[PDB]
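Protein chains in written order, with the numbering used here: chain B, 1 to 114; chain D, 1001 to 1115; chain G, 2001 to 2114; chain W, 3001 to 3114; chain R, 4001 to 4114.
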Amino acid sequence: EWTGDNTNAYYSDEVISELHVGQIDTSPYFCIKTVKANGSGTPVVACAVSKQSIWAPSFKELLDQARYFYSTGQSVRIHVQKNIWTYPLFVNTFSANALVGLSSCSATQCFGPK
Amino acid sequence: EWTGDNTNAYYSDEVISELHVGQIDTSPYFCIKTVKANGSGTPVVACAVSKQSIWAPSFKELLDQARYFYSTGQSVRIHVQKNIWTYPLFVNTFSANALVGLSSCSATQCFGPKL
Amino acid sequence: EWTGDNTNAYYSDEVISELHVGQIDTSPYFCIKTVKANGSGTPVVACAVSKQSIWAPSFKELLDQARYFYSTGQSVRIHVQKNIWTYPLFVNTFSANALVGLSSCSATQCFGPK
Amino acid sequence: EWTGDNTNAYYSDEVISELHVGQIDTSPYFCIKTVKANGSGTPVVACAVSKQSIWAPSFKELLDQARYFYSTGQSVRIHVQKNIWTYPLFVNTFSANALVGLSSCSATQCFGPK
Amino acid sequence: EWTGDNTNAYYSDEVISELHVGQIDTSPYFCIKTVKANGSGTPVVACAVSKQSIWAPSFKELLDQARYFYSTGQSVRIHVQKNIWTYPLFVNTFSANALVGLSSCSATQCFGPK
Ligand SMILES: CC(=O)N[C@H]1[C@H]([C@H](O)[C@H](O)CO)O[C@@](O[C@H](CO)[C@@H](O)[C@@H]2O[C@@](O[C@@H]3[C@@H](O)[C@H](O)O[C@H](CO)[C@@H]3O)(C(=O)O)C[C@H](O)[C@H]2NC(C)=O)(C(=O)O)C[C@@H]1O
Ligand SMILES: CC(=O)N[C@H]1[C@H]([C@H](O)[C@H](O)CO)O[C@@](O[C@H](CO)[C@@H](O)[C@@H]2O[C@@](O[C@@H]3[C@@H](O)[C@H](O)O[C@H](CO)[C@@H]3O)(C(=O)O)C[C@H](O)[C@H]2NC(C)=O)(C(=O)O)C[C@@H]1O
């Protein structure tokens, strides 16, 4: 598996606009909401769950990176795998998107798979 | 269990106004106090205690997050489960509320579960 | 045991003014010095030692929190247990106080046991 | 093995211009892009991958240090070992360079093996 | 053993001017260079190696503290134990000094053993 798999979706020139931390089924988790830096379009919501999905090993690193980018408000590319979370109220509140990557973005390109 | 279970209480548009760190019964713990950003209502107090309650696994992540939201002073939704801490002096000083989640807020919403 | 036990001692309206990190007997440790925000009184010194005393489990969290308040320079209440550390040169250099808690203080009250 | 082995390569007076965090084959990883402080030259890309390659033990420290240097934008020397990552799409997106060290380049020169 | 043993050396009113992070023999390490706040005398170079020396258990705490002091630029007392590291290229690049402690300094005295 890889962040950059073409079966994963990504969204460039985004800003992390919201951050949530909580717990589900004995596992800490977090979610982020991202929006286009220019405000156009629909927000992306994605979550990471410490002990769930093939992406569990990256939980700490993505949490830290989300916090960092959230603190700077800089443009990023967000990478997700769709249809991963399955608890219905959790998906309703957030989404089924698993967060699988974050890339810094310049004016012209983003530093990550495309 | 889940932060967003409807058996948990939550309070929107709060600012973390105080922070305490200590130890009880072999466990490091932290407590926070929050007040409505607009001045209304009653302060909320909640604590997380390492290795204690069903919420133990999120202690570290919640501590870090509390420290962050505290440092920025931004508006948040605080999620608690009531009547969890039972040590009477501790409860009297702080509360029985376990801290089970923290959500950033916008002008119209907070990014987390609600009823 | 609890930070708020009345057999512990606390001091309000203080600022963490100094910070030291080292090692003793295979254990990392840190110490802090606090002084009254208003310049009155006598400094408080306390240490925490990674694998020593009943307070060992809180070492990391106390260190992080000491660092936090030290960086903000805000008014705090420091909670100690007296006469814990016993290595004479160590005590001479710092004190026998074990650091057992830290509370933020507003102008008229502190958020912690009293 | 050592960061300073002459079989490794390094580049001085660089600035970390981009940062990416992801996961590949069960491992969180990060990549950085660096460019000359004065704008010349060709970018340098390097990655560190958790629990992969002989440089795995330093993953956390290198991640933290990359973040630090990325946040300040200060001049640095980046140390790599070439031809370590083999996953082809990953290499095409980033590079095969393992990140093996980071040095500040402040006053006299770069503070690290040369 | 202790940071404050009289068989250790220390240097007061030093500013951390350089920072390096890398790996040697499967072990992360960092090194710092410090100079007198008034720019007199000779720089001090000291390293900490995870998994090596008796000071190994304090590695993370020292790295963290070095980073902090390095970012503030404040004057500190550096505690070292001499003649510890043995790999000649390493010693030649850096020094044989093991970092054993870091103390904040007021205008008149440092908060550490002397
Ligand atoms: C180990 C111990 O004895 N801890 C005490 C601690 C200690 O006496 C001093 O902090 C050491 O300097 O004091 C604690 O209570 C203080 C007393 O100073 C607070 O009530 C604090 O008091 C202030 O006004 C005081 C008077 O109350 C006192 O009688 O006289 C002094 C002058 O010598 C002051 O005028 C003060 O110190 O400014 C008012 C201030 O608002 C009070 N702080 C708070 C948070 O309410 C303490 O440090 O909390 C009690 C502790 O058990
Ligand atoms: C993998 C590899 O080749 N690593 C080299 C590295 C590399 O060639 C370049 O960094 C790629 O851009 O270069 C290293 O050595 C550099 C040379 O650039 C230092 O000597 C650096 O050189 C400066 O002046 C140089 C000349 O010395 C050189 O011959 O030609 C260039 C022309 O562009 C410059 O005029 C410079 O680049 O500014 C002087 C500067 O002070 C030097 N920096 C330091 C820290 O000494 C390197 O990047 O360290 C060597 C490495 O092995």
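For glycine and all other residues, C-beta sits at the position ideal for the given N, C-alpha and C.
Check your understanding: Measuring from the CB of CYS3105/W, is there a heavy atom of ligand 2 at a distance below 8 Å?
Key -> yes
Review point. Does the distance from the C-beta atom of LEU89/B to that of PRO1113/D stay below 9 Å?
Key: yes
Point to revise | Continuous beta strand (DSSP E) assignments of at least 3 residues falling wholly in the segment 2045–2102 of chain G | key: 2076–2081
Check your understanding: Using a beta-carbon distance below 9 Å, is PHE3030/W in contact with chain B?
Key -> yes
Check your understanding: According to the neighbour-count rule (16 or more other Cβ atoms, all chains shown, within 10 Å of its Cβ), is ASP1013/D buried or exposed?
Key -> buried
Practice item. Could you list the residues in the segment 4011–4037 of chain R with a C-beta less than 8 Å from some C-beta on chain W, going in chain order? Key: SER4017, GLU4018, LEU4019, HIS4020, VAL4021, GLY4022, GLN4023, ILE4024, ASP4025, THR4026, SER4027, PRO4028, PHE4030, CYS4031 and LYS4033
Exercise for review: List the residues of chain R that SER3103/W touches, going by C-beta distances under 7 Å, in chain order.
Suggested key: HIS4020
Check your understanding: At a Cβ cut of 8 Å, what residues of the segment 73–104 of chain B count as close to chain D, listed as they run along the chain?
Key -> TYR87, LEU89, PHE90 and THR93
Point to revise | DSSP state of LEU3019/W mapped onto helix, strand, coil | key: strand
**Study point:** Short CB-CB distance (under 9 Å) between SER3071/W and chain B
**Key:** yes
Practice item. Kindly say whether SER106/B, judged by its beta-carbon, lies nearer than 9 Å to any beta-carbon of chain W. Key: yes
Point to revise | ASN1008/D, buried or exposed, once every other Cβ within 10 Å from all chains shown has been counted against 16 | key: buried
Check your understanding: Does DSSP classify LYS2114/G as helix, strand or coil?
Key -> coil
Check your understanding: Relative to the alpha-carbon of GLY2041/G, which residue among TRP2002/G, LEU2099/G, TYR2011/G and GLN2109/G has its alpha-carbon at the smallest distance?
Key -> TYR2011/G
Check your understanding: Considering only residues of the same chain and omitting the five flanking positions on each side of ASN4083/R, which have a CB-CB separation below 6 Å?
Key -> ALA4096
Review point. In whole angstroms, what separates the C-alpha of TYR1070/D from that of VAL1015/D?
Key: 7 Å
Check your understanding: Whose Cβ in chain B lies nearer than 9 Å to the Cβ of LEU3062/W?
Key -> Those within 9 Å of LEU3062/W in chain B number zero; the least Cβ separation is about 12 Å.
Check your understanding: Exposed or buried, what is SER106/B when buried is set at 16 or more other beta-carbons lying within 10 Å of its beta-carbon?
Key -> exposed
Point to revise | Where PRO28/B falls: helix, strand or coil (DSSP) | key: strand
Point to revise | Collapsed DSSP secondary structure at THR3/B in the structure displayed | key: coil
Check your understanding: Of all the options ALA4098/R, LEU4102/R and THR4108/R, which has the alpha carbon lying nearest to the alpha carbon of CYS4047/R?
Key -> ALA4098/R
Check your understanding: Using the C-alpha atoms, what's the distance from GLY1039/D back to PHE2111/G?
Key -> 19 Å
**Study point:** Proximal residues of chain G, C-beta to C-beta of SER4050/R below 8 Å
**Key:** Per Cβ cutoff of 8 Å: no residues; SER4050/R is ~12 Å from chain G at best.
Point to revise | Through-space distance from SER4027/R to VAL3049/W, alpha-carbon basis | key: 16 Å
Check your understanding: Who are the Cβ neighbours of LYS4051/R in its own chain at under 6 Å, not counting the five residues just before and after it?
Key -> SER4027
Exercise for review: Tell me, to the nearest whole angstrom, how far the beta carbon of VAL4076/R is from that of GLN2023/G; I am working on the premise that it is less than 8 Å.
Suggested key: At roughly 16 Å, the Cβ-Cβ gap does not stay under 8 Å, so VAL4076/R and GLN2023/G are not in contact.
Check your understanding: Is it buried or exposed for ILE1054/D, if we count other Cβ within 10 angstroms and need 16 for buried?
Key -> exposed
Review point. Is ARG4067/R near ligand 2, going by C-beta to nearest heavy atom under 8 Å?
Key: no
**Study point:** Distance cut-off 8 Å: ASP3005/W Cβ against heavy atoms of ligand 2
**Key:** no
Check your understanding: In angstroms, rounded to a whole number, what distance separates the CA positions of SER2103/G and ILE1078/D?
Key -> 20 Å
Review point. Regarding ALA3098/W and ligand 2, is the C-beta to nearest heavy atom distance less than 8 Å?
Key: no
**Study point:** Beta-bridge partners of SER2104/G, as assigned by DSSP
**Key:** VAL2076/G
Exercise for review: Put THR34/B into one of helix, strand or coil per three-state DSSP.
Suggested key: strand
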